[PDB]
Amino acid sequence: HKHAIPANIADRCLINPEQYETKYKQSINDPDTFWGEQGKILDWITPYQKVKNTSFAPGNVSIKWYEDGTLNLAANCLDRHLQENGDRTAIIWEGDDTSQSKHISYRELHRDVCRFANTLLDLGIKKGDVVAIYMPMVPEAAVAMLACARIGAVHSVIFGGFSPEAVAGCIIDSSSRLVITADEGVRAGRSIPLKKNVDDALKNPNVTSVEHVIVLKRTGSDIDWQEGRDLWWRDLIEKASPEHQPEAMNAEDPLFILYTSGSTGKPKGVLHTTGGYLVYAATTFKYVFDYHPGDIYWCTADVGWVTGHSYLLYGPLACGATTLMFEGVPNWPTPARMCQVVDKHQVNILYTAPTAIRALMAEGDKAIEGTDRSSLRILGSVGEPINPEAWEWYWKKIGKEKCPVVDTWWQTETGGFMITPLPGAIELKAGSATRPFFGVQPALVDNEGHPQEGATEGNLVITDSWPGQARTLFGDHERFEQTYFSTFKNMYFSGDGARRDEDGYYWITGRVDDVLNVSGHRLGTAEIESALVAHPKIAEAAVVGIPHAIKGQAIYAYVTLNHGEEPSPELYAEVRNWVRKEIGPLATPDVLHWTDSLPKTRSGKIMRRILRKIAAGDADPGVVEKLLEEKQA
C-alpha cells in the first residue's frame, strides 16, 4: 500500500516528482553544479569557488565543501531575516507547564545573541575555543549556541541526561574552557539537577580546562556557589552590548562537536564544520518539510542531540521559519499534551520520534482527546525504525489522514537527512524511509563489501560525500577513518543494515554493530559494559538489547561478580544506580542477569550472538544450558 500525494500538498509543494528525479540525477552526476547553485540558499560573505573536494580513500579520508567561501551561521539564522522579518516569531517556547510560554521574534533573538556573543568575548572566549553547553530546553540554550557560532567558538552541547561522570568525560576530551548550564531543568513537573552535576563533574581531577561556569536561574533552587568561577547568566548579559558585528568564518572552520556512542569505546566527539553543514541543514529542512513562509514548525527532539541542532535550530532559523521549542514531554500532564501544544500554537509541521509515538499510541484516543489538530499539514518521524502499525496510527490519529509523514533516516555523522521522502514528490510506504536525498548515494553490501543490486538487503553504506557530512572526530582523525571508512574501502559505513524493495525504497532495519536503540537514543553496548566492570564488585559484563514494545530496545545486562560477592536487593539497586552514575539514566539496565557462565571463544572473546537470543527468549559449550535456566528464573 502506497499513500498518494494529497492535492493540497501537490498544489503548493516546492518539489514535485519530476523535479525530484531531475535534481537528484544532477546532484549525483554533477555535484559541483548542483551544490554550487544550491549553496546559495545561504548568504556568503565571500563566495566559494570550489564546491566538492572529497576522498574516502583508506586511511586518507578528506572531506571539504565550499572550502574557499566564508560566512557566518548566526548571520544566516538571524541578521539576514531582520529587514523583512524582524517582527516574525523565530522561537515559540512552550514551558513544561502550559501556563508558561514565550514568543521570541527574530529581532529579539538577534539582540540576545549579540549580547551573549559579547559576553563570551569579554569573558575571554575566542574563535576556536570549545564551550560546553549543558542546558535544558529553554530559549537560552539556543542563545548560547548561536552566540558561540557567531564568534566562531566551537560549542560542545551535552544532553542534560548525562551524569556528572559523562559530563566530565566530554569536558576532558574537548578541553572546554567554559560550561554554560542552569541551576535546574524542568521536565514533567520535576526539577532535574544540572548545576550540581556540573559541580561534581568539575571535581574530577582530570578536568583542568574549565575556568568559569555561567549559570541560568531557571528554578531558583538552592545550589552551591563558587564565587569567581560561577557567574549568573542574567548578571552577565544585562551588562553586555547588544551591538555585535559578525566576523567571517571559513566554510571549514569547526562549528560544533557532539559526543556520540559507537560500537566500541566511550563516546567520541563527532565534528561538524560550517559551510556544507548549514547548506545541507537548510536545504533538507526546506524541501523535506516543504517549508513555506509563515509555517509553524515543531521538532520535539532535545537540543542536546543532533536532531535538535539541525532541525530544532539551525535548519529552521537559516530558512527564517518559526520554530517551537518545547520544554517538557509529549505526555505530561496527560497523553494529550503534544496535540494540545499543536492546537495552542497552530503547528503546521510536527517532527517527532517513534518512541514518543508509541508511548502515546499505548494510550489510544487519550492522546488526541479534546484536541483539534486541523492546523497540521506535514508530519515527520526520526531516530529509529517505525513499524507500519505505529506509522499508520500516527498518520491517522495525529495527521487525520491528511498529512504526508516524512520518515527521515540519518545520523549524527551525516549532519542532515540522508534517506527520506519529500512530501510532494514521493508516495509513501508505512515504515519506509524511501529514497535518498539530493547528493546521497546509498548502497547495500554484503559483509565482504560486495554491492548487492535490485531488491535485496545488506550493510548500508554511502559511496560518496555530501555537504553535511561530519568532517572528523575531535582530536582523532585516525579513529574517524578507521571507524567509518575501513570496513568497506572507499565507502562510508553507517553501521546500519537495510533492505531495498522492488521499487528501490529503503527500509532501515537497525544497527548491525553493537549499538543499541533505547527509547530513540543511541548507546553503545561496550560503554555500558565498561561502566559495569568499573564497579569494584563486578568482574565482567555483557550487555545486549532486547525488543521492547515502547522504547524499541530494553537493556539486558549479564553480570559476573567477583568471588566473595553475592546477589541481593541492595547490590541489584547499587549496580543499576552505578550505571546511572557512570553514564546517565538512559543507560540504566532494565534487567540484571547474574552469572558466572559467559559464553566465550577459545581466544577469550565474549560471544554476544548467543546472549542476544537468550535474553530475547529465542571454550565451554556448557554455559548455554546454564544461562537458559538462569534466564527462565
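Numbering starts at 1 and runs along the sequence shown.
A summary of the deposited B-factors shows that, of 89-97 and 231-239, the stretch with the larger mean C-alpha value is 231-239. Between 399-407 and 136-144, it is 399-407 that carries the larger average Cα temperature factor according to the deposited entry. Highest C-alpha temperature factor among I214, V270, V198, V512, as the PDB entry reports it: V512. Going by the entry's values, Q452 shows the largest Cα B-factor out of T283, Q452, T420, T300. Placement of the Cα temperature factor of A390 within the chain: highest third of the modelled residues, per the deposited record. Annotation for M607: C-alpha temperature factor in the highest third relative to the rest of the modelled chain, per the entry. Among the modelled residues of the chain, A188 sits in the highest third by CA temperature factor in this PDB entry. In the PDB entry, a CA B factor belonging to the lowest third of its chain's modelled residues is recorded for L42.
Compared with the other modelled residues of the chain, the Cα B-factor recorded for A554 ranks in the middle third.
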